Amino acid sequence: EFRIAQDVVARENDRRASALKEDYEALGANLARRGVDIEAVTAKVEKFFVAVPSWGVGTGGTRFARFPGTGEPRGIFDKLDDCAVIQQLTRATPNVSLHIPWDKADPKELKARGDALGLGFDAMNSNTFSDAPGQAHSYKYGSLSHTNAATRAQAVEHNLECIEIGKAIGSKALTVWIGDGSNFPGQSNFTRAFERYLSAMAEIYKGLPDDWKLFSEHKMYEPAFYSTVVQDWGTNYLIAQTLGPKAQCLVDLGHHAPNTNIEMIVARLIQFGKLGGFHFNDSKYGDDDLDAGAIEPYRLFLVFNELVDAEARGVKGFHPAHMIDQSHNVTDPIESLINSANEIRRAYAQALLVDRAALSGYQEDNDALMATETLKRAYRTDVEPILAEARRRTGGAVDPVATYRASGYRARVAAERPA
């Protein structure tokens, strides 16, 4: 079934078809002059997928306030309906990332709805950074690393429950992000808290299926404002290495200290086989959770440059889990996710354009200027025609947001859902 009427998609595509053909053929000629087959690029782009977060489908907020828009999803099922629009139009988000207990519901029905909507399920996300109804022990002072054994045990069990839910819907991974840390010096004993966390994670790993992966996600601060147990990629590596082969690190772009060279962290994790995946978003100050590429698009490209280089170097068994993790506080969540997915494919596409042979030559000869210019020749290329054509060829929209607004989808759900 189609959330967006097929005639609206066709109409909006036909209206822009002529211009797209002109832009695509022109770019094709330009790339051919550069020794690149535009068709080979498009083919790869239409294959690049990134999972959408269920928690990003509704309007987000801050500790200061939340300003909901119209037609806010009432639960996971409405969220899946809205996620179906993102996939239908961009064709880059076939899978949805669930968060428990927020999306708690009959797995069987979740699966049924997903299949009907043409959606799949990516990594499960546990939640021990907030208390649930009827919960016996509070996570106020931590969860997996809490000083109280009973609390750690409760956190572990919750994670195992997430695994059972995921197994029922076709998920093959569990992502663990906790707020565990301290707001005051002395509040926690850094080492003992980390020891407790490792012990609890070992239990989760013990209950992890052999066809699943376990992702730990580091974050410098927030909700903890002095120390955080899994504060950076260094601690994250120690975690993954200690836990086992099925345990890897997840890198969320907005979770690093100011000025951090994040693309280097990505390369380091790849070299040691611990790059489990990504949580895409953009930011300027802290963990802003803004639309990917909206603030520093070149950084996004540089991260993808390390991903594409890994293949070029011949790295094996490298299949990162790509996921979007954003908060949409002042825009229509669907439009933001649409353009964010587009931005991610944009950076990927540009990374594919890099002349690796030329770059390698300039790196060996220490020709810094030509090396950086080689990356820019790729980054400066406007790949929108390729992105648009990929969508068109796969059942999507030439201009996703334009088609979305032309459909009146938002007003529609605004009438079907409360206020």
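All residue numbers refer to positions in the sequence shown, first residue = 1.
Stretches 130-138 and 238-246 differ in mean C-alpha B factor, with the higher average recorded for 130-138. Higher mean CA temperature factor between 164-172 and 251-259: 164-172, per the PDB entry. Looking at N366, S54, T372, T381, the one whose CA carries the top B-factor in the deposited record is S54.
For the set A349, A193, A105, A267, the PDB entry assigns the largest Cα B-factor to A105.
When the CA B factors of the chain's modelled residues are split into thirds, the value for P209 lands in the middle one. Ranked by Cα temperature factor within the chain, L119 sits in the highest third according to the deposited record. In the PDB entry, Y362 places in the lowest third of its chain by CA B-factor. Sort the chain's modelled residues by C-alpha temperature factor and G186 lands in the middle third, per the entry. Sort the chain's modelled residues by C-alpha temperature factor and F225 lands in the lowest third, per the entry.
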